[PDB]
file start-v6.csv (CSV, C-alpha atoms)
chain,number,residue,atom,x,y,z
P,1,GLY,CA,0.0,0.0,0.0
P,2,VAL,CA,3.0,2.3,0.5
P,3,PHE,CA,5.3,3.2,-2.4
P,4,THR,CA,9.1,3.6,-2.0
P,5,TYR,CA,11.1,5.8,-4.3
P,6,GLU,CA,14.7,7.0,-3.7
P,7,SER,CA,17.3,9.0,-5.7
P,8,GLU,CA,21.1,9.2,-5.4
P,9,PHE,CA,23.4,12.0,-6.7
P,10,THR,CA,26.2,14.4,-5.7
P,11,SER,CA,27.1,18.1,-5.9
P,12,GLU,CA,30.2,20.2,-6.0
P,13,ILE,CA,28.8,22.3,-3.1
P,14,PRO,CA,29.2,21.4,0.5
P,15,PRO,CA,26.2,19.7,2.2
P,16,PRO,CA,26.4,21.8,5.4
P,17,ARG,CA,25.7,24.8,3.2
P,18,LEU,CA,22.8,23.2,1.2
P,19,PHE,CA,21.6,21.8,4.6
P,20,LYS,CA,21.4,25.1,6.4
P,21,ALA,CA,19.6,26.3,3.3
P,22,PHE,CA,17.1,23.5,2.5
P,23,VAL,CA,16.2,23.0,6.2
P,24,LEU,CA,17.4,26.0,8.3
P,25,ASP,CA,16.5,28.3,5.4
P,26,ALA,CA,13.9,26.3,3.3
P,27,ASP,CA,11.4,29.2,3.8
P,28,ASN,CA,14.1,31.5,2.2
P,29,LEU,CA,16.0,29.0,0.0
P,30,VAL,CA,13.2,28.1,-2.5
P,31,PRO,CA,12.0,31.7,-2.7
P,32,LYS,CA,15.5,32.8,-3.5
P,33,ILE,CA,16.7,30.2,-6.0
P,34,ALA,CA,13.8,30.4,-8.5
P,35,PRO,CA,10.5,32.1,-7.8
P,36,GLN,CA,9.1,30.4,-11.0
P,37,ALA,CA,8.7,27.1,-9.0
P,38,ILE,CA,7.2,28.3,-5.7
P,39,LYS,CA,5.5,31.6,-4.7
P,40,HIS,CA,6.6,31.6,-1.1
P,41,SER,CA,7.0,29.5,2.1
P,42,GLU,CA,5.2,30.2,5.3
P,43,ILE,CA,5.5,27.9,8.4
P,44,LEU,CA,2.1,27.3,9.9
P,45,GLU,CA,3.1,25.3,13.1
P,46,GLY,CA,6.4,24.9,14.9
P,47,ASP,CA,9.5,26.9,13.9
P,48,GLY,CA,11.3,24.6,11.5
P,49,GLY,CA,11.8,21.6,13.8
P,50,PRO,CA,10.0,18.3,14.0
P,51,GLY,CA,6.2,18.7,14.1
P,52,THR,CA,6.3,22.0,12.3
P,53,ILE,CA,3.9,22.4,9.3
P,54,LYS,CA,5.2,24.5,6.4
P,55,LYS,CA,2.9,25.7,3.6
P,56,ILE,CA,4.9,26.0,0.3
P,57,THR,CA,3.1,27.8,-2.5
P,58,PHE,CA,3.4,27.5,-6.3
P,59,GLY,CA,3.4,30.3,-8.9
P,60,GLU,CA,2.9,27.9,-11.8
P,61,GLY,CA,-0.6,26.9,-13.0
P,62,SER,CA,-3.7,29.0,-13.6
P,63,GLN,CA,-5.3,27.6,-10.4
P,64,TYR,CA,-3.7,28.4,-7.0
P,65,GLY,CA,-0.8,26.0,-6.3
P,66,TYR,CA,0.6,25.2,-2.9
P,67,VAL,CA,1.3,22.3,-0.5
P,68,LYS,CA,1.8,21.6,3.3
P,69,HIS,CA,5.0,19.9,4.6
P,70,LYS,CA,5.1,18.4,8.1
P,71,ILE,CA,8.7,18.2,9.4
P,72,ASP,CA,9.5,14.6,10.3
P,73,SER,CA,13.1,14.8,11.5
P,74,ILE,CA,16.6,16.0,10.5
P,75,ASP,CA,20.3,15.2,11.2
P,76,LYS,CA,22.2,18.5,11.7
P,77,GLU,CA,25.2,16.2,12.4
P,78,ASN,CA,24.8,14.0,9.3
P,79,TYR,CA,23.0,16.7,7.2
P,80,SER,CA,19.9,14.6,6.7
P,81,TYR,CA,16.3,15.9,6.5
P,82,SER,CA,12.9,14.2,6.3
P,83,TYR,CA,9.3,15.6,6.4
P,84,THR,CA,5.7,14.4,5.8
P,85,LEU,CA,3.5,16.0,3.1
P,86,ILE,CA,-0.3,16.1,3.7
P,87,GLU,CA,-1.4,18.5,1.0
P,88,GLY,CA,-0.8,18.9,-2.8
P,89,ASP,CA,-3.0,18.9,-5.9
P,90,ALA,CA,-0.7,16.0,-7.0
P,91,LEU,CA,-1.8,13.7,-4.1
P,92,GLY,CA,-5.4,13.9,-5.4
P,93,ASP,CA,-7.9,11.6,-3.6
P,94,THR,CA,-5.7,8.7,-4.5
P,95,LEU,CA,-2.9,9.5,-1.9
P,96,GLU,CA,-3.1,10.9,1.6
P,97,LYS,CA,-0.1,10.6,3.9
P,98,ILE,CA,3.2,11.4,2.2
P,99,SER,CA,6.7,10.7,3.6
P,100,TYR,CA,9.8,12.5,2.3
P,101,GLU,CA,13.4,11.8,3.4
P,102,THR,CA,16.7,13.4,2.4
P,103,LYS,CA,20.3,12.7,3.4
P,104,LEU,CA,23.6,14.6,2.7
P,105,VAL,CA,27.2,13.3,2.8
P,106,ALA,CA,30.7,14.0,1.3
P,107,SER,CA,32.7,12.2,-1.5
P,108,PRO,CA,36.4,11.4,-1.9
P,109,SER,CA,36.5,13.9,-4.8
P,110,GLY,CA,35.7,16.9,-2.6
P,111,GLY,CA,32.1,17.3,-3.9
P,112,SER,CA,29.2,16.1,-1.7
P,113,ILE,CA,26.8,13.2,-2.1
P,114,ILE,CA,23.0,13.7,-1.7
P,115,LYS,CA,20.7,10.7,-1.1
P,116,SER,CA,16.9,11.4,-1.1
P,117,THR,CA,13.9,9.1,-0.5
P,118,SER,CA,10.1,9.5,-0.5
P,119,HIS,CA,7.0,7.3,0.1
P,120,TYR,CA,3.2,7.4,-0.5
P,121,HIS,CA,0.3,6.3,1.8
P,122,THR,CA,-2.8,5.7,-0.4
P,123,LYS,CA,-6.2,5.5,1.4
P,124,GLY,CA,-9.3,3.6,0.3
P,125,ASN,CA,-7.5,0.9,-1.7
P,126,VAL,CA,-5.8,3.1,-4.3
P,127,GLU,CA,-2.3,3.4,-5.9
P,128,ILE,CA,-0.2,6.1,-7.6
P,129,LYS,CA,0.7,6.5,-11.3
P,130,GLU,CA,4.3,6.2,-12.5
P,131,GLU,CA,3.7,9.4,-14.4
P,132,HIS,CA,3.1,11.0,-11.0
P,133,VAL,CA,5.9,9.5,-8.9
P,134,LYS,CA,8.2,9.5,-12.0
P,135,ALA,CA,7.6,13.2,-12.4
P,136,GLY,CA,8.6,13.9,-8.8
P,137,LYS,CA,11.9,12.2,-9.4
P,138,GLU,CA,12.7,14.7,-12.2
P,139,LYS,CA,11.4,17.6,-10.1
P,140,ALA,CA,13.3,16.6,-7.0
P,141,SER,CA,16.5,16.2,-9.1
P,142,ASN,CA,16.3,19.6,-10.6
P,143,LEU,CA,15.7,21.2,-7.2
P,144,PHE,CA,18.8,19.5,-5.8
P,145,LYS,CA,20.9,21.2,-8.5
P,146,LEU,CA,19.2,24.5,-7.7
P,147,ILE,CA,20.2,24.4,-4.1
P,148,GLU,CA,23.8,23.5,-4.8
P,149,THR,CA,23.9,26.1,-7.6
P,150,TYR,CA,22.4,28.7,-5.4
P,151,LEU,CA,25.1,28.5,-2.7
P,152,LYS,CA,27.7,27.8,-5.5
P,153,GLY,CA,26.8,31.1,-7.1
P,154,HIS,CA,25.5,32.9,-4.0
P,155,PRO,CA,28.3,32.9,-1.4
P,156,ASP,CA,26.1,35.1,0.8
P,157,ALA,CA,23.2,32.7,1.1
P,158,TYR,CA,23.5,31.5,4.7
P,159,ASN,CA,27.1,30.7,3.6

call {"tool": "encode", "arguments": {"input": "start-v6.csv", "output": "structure tokens"}}
result
Amino acid sequence: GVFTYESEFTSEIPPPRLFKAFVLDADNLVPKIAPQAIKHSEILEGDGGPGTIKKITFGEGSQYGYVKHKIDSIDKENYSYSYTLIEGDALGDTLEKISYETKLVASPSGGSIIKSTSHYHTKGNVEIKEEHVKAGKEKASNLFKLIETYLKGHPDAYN
């Protein structure tokens, strides 16, 4: 009933910089890298820790676009981050609880490795469509290169 998808890649930028950005600055990282993807981020509950509910908005699509992310846990010592999504026009009535996980590390070449993972919790005996989960893989990969490029080109972004 639960789907499991993961992605593995690396970046020439340090993970402690992309980490402070994606997590300690997610509300200011996405709205600073490319405003063409999200309109703005506003935390609804908590302050960025576990149990905090963030509301990311989208500036693409005639209809209003936005989602809600519930922090699940992070590893400021290992640079890992994981949250739970409960809203999103992509979840439709076929999906309900969403689980998102992300991990950061370093490589022997100086660059940094980035391991991500996500899951789906359908409700009512339903399943997701490859076109849906497969599209998230390409969207999550492009976002990873936007965070590393942001700090790589913006040495002032929480760096």

call {"tool": "atom_distance", "arguments": {"input": "start-v6.csv", "atom1": "atom CA of residue P:126", "atom2": "atom CA of residue P:89"}}
result
16.1 Å

call {"tool": "atom_distance", "arguments": {"input": "start-v6.csv", "atom1": "atom CA of residue P:51", "atom2": "atom CA of residue P:4"}}
result
22.3 Å

call {"tool": "residues_around", "arguments": {"input": "start-v6.csv", "residues": "residue P:141", "least_positions_apart": "6", "cutoff": "10 Å", "atoms": "only C-alpha atoms", "output": "VMD selection string"}}
result
chain P and resid 7 to 9 116 135

call {"tool": "residues_around", "arguments": {"input": "start-v6.csv", "residues": "residue P:38", "least_positions_apart": "6", "cutoff": "6 Å", "atoms": "all atoms listed in the file", "output": "mmCIF file with C-alpha atoms, in the coordinates of the input"}}
result
data_model
loop_
_atom_site.group_PDB
_atom_site.id
_atom_site.type_symbol
_atom_site.label_atom_id
_atom_site.label_comp_id
_atom_site.auth_asym_id
_atom_site.auth_seq_id
_atom_site.Cartn_x
_atom_site.Cartn_y
_atom_site.Cartn_z
ATOM 1 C CA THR P 57 3.100 27.800 -2.500
ATOM 2 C CA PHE P 58 3.400 27.500 -6.300
ATOM 3 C CA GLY P 59 3.400 30.300 -8.900
#

call {"tool": "atom_distance", "arguments": {"input": "start-v6.csv", "atom1": "atom CA of residue P:55", "atom2": "atom CA of residue P:102"}}
result
18.5 Å

call {"tool": "residues_around", "arguments": {"input": "start-v6.csv", "residues": "residue P:90", "least_positions_apart": "3", "cutoff": "9 Å", "atoms": "all atoms listed in the file", "output": "ChimeraX atom specification"}}
result
/P:87,95,132

call {"tool": "closest_residue", "arguments": {"input": "start-v6.csv", "among": "P:91, P:43, P:128, P:37", "to": "residue P:61", "atoms": "only C-alpha atoms"}}
result
P:37

call {"tool": "closest_residue", "arguments": {"input": "start-v6.csv", "among": "P:114, P:97, P:145, P:30", "to": "residue P:1", "atoms": "only C-alpha atoms"}}
result
P:97

call {"tool": "closest_atom_pairs", "arguments": {"input": "start-v6.csv", "of": "stretch 110-150 of chain P", "to": "stretch 13-21 of chain P", "cutoff": "9 Å", "atoms": "all atoms listed in the file", "output": "tab-separated table"}}
result
residue	atom	partner	partner_atom	distance
P:110	CA	P:14	CA	8.5
P:111	CA	P:13	CA	6.0
P:112	CA	P:14	CA	5.7
P:113	CA	P:15	CA	7.8
P:114	CA	P:15	CA	7.8
P:144	CA	P:18	CA	8.9
P:147	CA	P:18	CA	6.0
P:148	CA	P:13	CA	5.4
P:149	CA	P:13	CA	7.7
P:150	CA	P:18	CA	8.6

call {"tool": "write_last_selection", "arguments": {"input": "start-v6.csv", "atoms": "C-alpha atoms", "output": "PDB file, in the coordinates of the input"}}
result
ATOM      1  CA  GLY P 110      35.700  16.900  -2.600  1.00  0.00           C
ATOM      2  CA  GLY P 111      32.100  17.300  -3.900  1.00  0.00           C
ATOM      3  CA  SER P 112      29.200  16.100  -1.700  1.00  0.00           C
ATOM      4  CA  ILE P 113      26.800  13.200  -2.100  1.00  0.00           C
ATOM      5  CA  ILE P 114      23.000  13.700  -1.700  1.00  0.00           C
ATOM      6  CA  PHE P 144      18.800  19.500  -5.800  1.00  0.00           C
ATOM      7  CA  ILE P 147      20.200  24.400  -4.100  1.00  0.00           C
ATOM      8  CA  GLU P 148      23.800  23.500  -4.800  1.00  0.00           C
ATOM      9  CA  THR P 149      23.900  26.100  -7.600  1.00  0.00           C
ATOM     10  CA  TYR P 150      22.400  28.700  -5.400  1.00  0.00           C
TER      11      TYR P 150
END

call {"tool": "closest_residue", "arguments": {"input": "start-v6.csv", "among": "P:69, P:54, P:115, P:121", "to": "residue P:84", "atoms": "only C-alpha atoms"}}
result
P:69

call {"tool": "closest_residue", "arguments": {"input": "start-v6.csv", "among": "P:33, P:23, P:98, P:86", "to": "residue P:2", "atoms": "all atoms listed in the file"}}
result
P:98

call {"tool": "residues_around", "arguments": {"input": "start-v6.csv", "residues": "residue P:81", "least_positions_apart": "4", "cutoff": "8 Å", "atoms": "only C-alpha atoms", "output": "compact mmCIF listing (two decimals) with C-alpha atoms, in the coordinates of the input"}}
result
# COMPACT_ATOMS: atom_id res chain seq x y z
CA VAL P 23 16.20 23.00 6.20
CA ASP P 72 9.50 14.60 10.30
CA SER P 73 13.10 14.80 11.50
CA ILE P 74 16.60 16.00 10.50
CA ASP P 75 20.30 15.20 11.20
CA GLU P 101 13.40 11.80 3.40
CA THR P 102 16.70 13.40 2.40
CA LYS P 103 20.30 12.70 3.40

call {"tool": "closest_residue", "arguments": {"input": "start-v6.csv", "among": "P:53, P:29, P:44, P:140", "to": "residue P:159", "atoms": "only C-alpha atoms"}}
result
P:29

call {"tool": "closest_residue", "arguments": {"input": "start-v6.csv", "among": "P:71, P:127, P:36, P:88", "to": "residue P:100", "atoms": "all atoms listed in the file"}}
result
P:71
